[PDB]
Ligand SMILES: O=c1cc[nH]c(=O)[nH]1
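Below you will find one chain, with nothing else, as structure tokens; this is the form deposited without ligand URA, and questions on how it binds or moves follow later.
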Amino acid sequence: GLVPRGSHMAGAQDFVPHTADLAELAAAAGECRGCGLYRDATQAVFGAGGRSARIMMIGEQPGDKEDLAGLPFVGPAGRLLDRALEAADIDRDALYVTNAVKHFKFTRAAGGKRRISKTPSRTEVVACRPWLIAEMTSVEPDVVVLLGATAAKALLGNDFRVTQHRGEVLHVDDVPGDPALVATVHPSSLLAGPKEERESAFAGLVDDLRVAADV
């Protein structure tokens, strides 16, 4: 064909430039129309960090605060994650942090105090995955921490259950570079609930971060 058929016809793939440079990738994501989420979001929120990072962390999506900060993990969940990283003795300079989808999907409720996140469909996750693959091949992390169900399923499969594999180092044969994978609870889940449950859950997140950092 004058123009061939191929992966560039699906999802975000044709918006991803043939460069591993994270600044160029982030600039290009600002123009992505790979699914419908770019329309109502303020901006794309690419990952943050550098290519020497040994640990990559992936959440679900930018939330209300991130959508306007332009940066991942800035809101209350990000502050809880910072507390856990510090308890786990993990250097922020060793991290590249991002999300399975790069545009905030949301609604409002009258009387609300924030835009309410809505779950990306598996269709949206698969559409945005080209960016995640670009990030992973750019950074070459030794280990990927998957924060919550959307991010864990993005790499481990749509049937994967975070709740059934806590503490475990995983490897799957179609992830570029074959990094270790550790799936854990998303920090937003630890913000609410009875104290004893939040405290036990926090300790478990610190444990999983420490497993990842010991890879």
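Just count from 1 along the sequence shown to find any residue number.
The same protein has a further form, the form solved in complex with ligand URA, not shown here; the description that follows concerns it.
No atom of ligand URA, overlaid from where it sits in the entry with it bound, falls within 2.4 angstroms of a backbone or C-beta atom of the displayed form, which makes the pocket open. No residue of the trio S138, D142 and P179 has any heavy atom within 4.5 Å of ligand URA in the entry with it bound. Stretch 60 to 68 is the contacting one of 166 to 174, 47 to 55, 153 to 161, 60 to 68, since its residues have non-hydrogen atoms within 4.5 Å of ligand URA in the entry with it bound. Put simply, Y96 is far from ligand URA in the entry with it bound: not one heavy atom of it is within 4.5 Å.
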